[PDB]
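The form deposited in one PDB entry is given below as one chain in structure tokens.
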């Protein structure tokens, strides 16, 4: 049931890509008549041992996650051995939240944005409870199930925290747009559930700008900046500068963003603390 046969997965189109992987829309069509169910199918773009190890980890993480706010694992297809070839997931045709917000901005009010914020927060609370650090939380990595329901996706950079250690250090600097990283990630490559909280603050920013490109984290931080861009961004953050409140943003929401962006990770609120506050608003 959770093993999909290669010959039955029929290629339709590209959905996305990033971090050495692609996600394709396929029909799982064992009858061959174009009547089968649609699925979203992730694979490496090309072979590589480091990326294969990371891919198997992604599969193992997602398979063990069971939440209305996390994209559903369906199964896998295999290459040669037990070598995983594809990760099969539910297909959410509304696509990523970034795209959805841009398209439907004139239809989604502040209550809707708060609903999405609450749902994302609940998914992240759950992730934290599984000792999972996502590391790449952004609107482009969140999917839309319906106009009243979003789900976190993109577990390709996620890591599980050992039982005796609440952070991890990466050896190389990351390769995602720098404007979602916490200061400690920028300076020391440290990631934690608390750096996910920082990124969630940027996600709240994105929600309340409807992912408008002109005031996006990149556009606005670059404009505020004026050494290497990473060192410049780090300086800016260490001085206390932050993204400005989005146009028409409710003050209470902006205040929560600022808490998420506390300089020190131990001073940021937990997702468990943020949830009830979002629900209140």
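Rigid core: the largest C-alpha set superposing within 1.5 Å between the two forms. Residue numbers count along the first chain shown, from 1.
What comes next is about the form deposited in another entry, which does not appear here.
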Q.
After a rigid core superposition, would you say the CA of residue 244 moves by 2 angstroms or more between this form and the one not shown, or not?
A. no
Q.
For a quick test of reading the superposition: does residue 58 move by 2 Å or more at the CA between this form and the one not shown, rigid core aligned?
A. no
Q.
Would residue 258 count as moving between this form and the one not shown, using a Cα shift of 2 angstroms or more after superposing the core as the test?
A. no
